[PDB]
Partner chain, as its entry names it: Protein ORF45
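Just the one chain here, laid out as structure tokens, in the form deposited without its partner chain.
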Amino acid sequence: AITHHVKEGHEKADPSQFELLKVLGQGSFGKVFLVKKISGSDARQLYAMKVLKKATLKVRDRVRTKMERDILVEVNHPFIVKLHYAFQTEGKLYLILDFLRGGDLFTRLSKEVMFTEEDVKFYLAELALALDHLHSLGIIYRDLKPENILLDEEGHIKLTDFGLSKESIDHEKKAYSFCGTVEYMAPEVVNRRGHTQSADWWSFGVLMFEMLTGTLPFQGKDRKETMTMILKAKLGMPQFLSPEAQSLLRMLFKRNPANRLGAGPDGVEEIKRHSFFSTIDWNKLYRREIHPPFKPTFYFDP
């Protein structure tokens, strides 16, 4: 067949269609900005714009930005951020995502020091459904940390940053990269022996421990000491934690990933049916029908 030398025409989304309002923070590979759509059907809509600079030279950040885009296009879940646009210019990549009005969980955690078990149960329950959705698509999230847990105006969670995630992890395939925040890494991630979706359940345990106590379970004076402390996994259990919380933590903190809660044949069901989550109606939770525990004039002349 002879090639028809003609070009398809399309009106392309450009960064000029989004008014820059302020810098929201720093994502895995670039800055995130609050922007407002100028034109089209979604005019006046607020979004979060993630920008990757000098994209042509930053080859590893570029391949992961493309993977992040691909993950976001594939996912359809209540607790996972929606991607609205993805486009590029010379040396710049852009992702236009939902703007989460409630800020991140780290800001709330730092202000409160620690959360009640009722609050932790809520956050982890929505997170377990989001993680399981990613696992069903062959994805390892890998970058759990409270900075990556965003809240909407209602107080429900959203996972938003997939820059450090891993795709195509199914059957006997393992990932070997050493990326993410060290304090949340599973032992198999730290010792470079290969990791799968079960590494996310160790991270889920770290996040749980931090939310309940205000501190990290395995941490040393520097990143190298934290690494060897994760490999030893000698956990000092705070005595204000309930028996249900202590059971879940010990079942998640299994150094052998094959023996970790959520790694058995029932997958996420092993976590969903744990006593710590016994008051959770998982169907109502997925339907966003569970009230979040936290939701993020003087003149008088009658």
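Numbering follows the first chain given and starts at 1. Take the two forms, superpose them, and find the largest set of C-alpha atoms that agree within 1.5 Å; that set is the rigid core.
Heads up, the form deposited with its partner chain bound isn't pictured, but that's what we're talking about next.
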- 4.5 Å heavy atom contact, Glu154 and its partner chain in the bound PDB entry: no
- Query: Even though its partner chain is not shown here, does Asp222 get within 4.5 Å of it in the bound PDB entry, heavy atoms only?
  - Reply: yes
- Would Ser41 show up as a contact with its partner chain in the bound PDB entry if we use heavy atoms at 4.5 Å? no
- Query: Closest heavy atom of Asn259 to its partner chain in the bound PDB entry, within 4.5 Å or not?
  - Reply: yes
- Non-hydrogen atoms within 4.5 angstroms of its partner chain in the bound PDB entry: do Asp143, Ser278 and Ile290 all have one? no
- Note on the structure: Within 4.5 Å of its partner chain in the bound PDB entry by heavy atoms, the stretch out of 73-81, 180-188, 89-97, 129-137 is 180-188
- Position that moves between the shown form and the other one after core superposition, taken from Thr116, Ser136, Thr215, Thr228, with Cα shift of 2 Å or more: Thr116
- Message: With both forms fitted on the core, check whether the Cα of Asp170 differs by 2 Å or more between the shown form and the other one.
- Response: yes
- Message: Using a rigid core superposition, assess whether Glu74 undergoes a CA shift of 2 Å or more between the shown form and the other one.
- Response: yes
- Item | Large Cα shift (2 Å or above) at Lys54 between the shown form and the other one, core-fitted | yes
- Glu11 to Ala43, Cα distance in the bound PDB entry relative to here: closer or farther, by 3 Å or more? closer
- Item | Closer or farther in the bound PDB entry, the Cα atoms of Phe162 and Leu134, when the shift from this form is 3 Å or more | closer
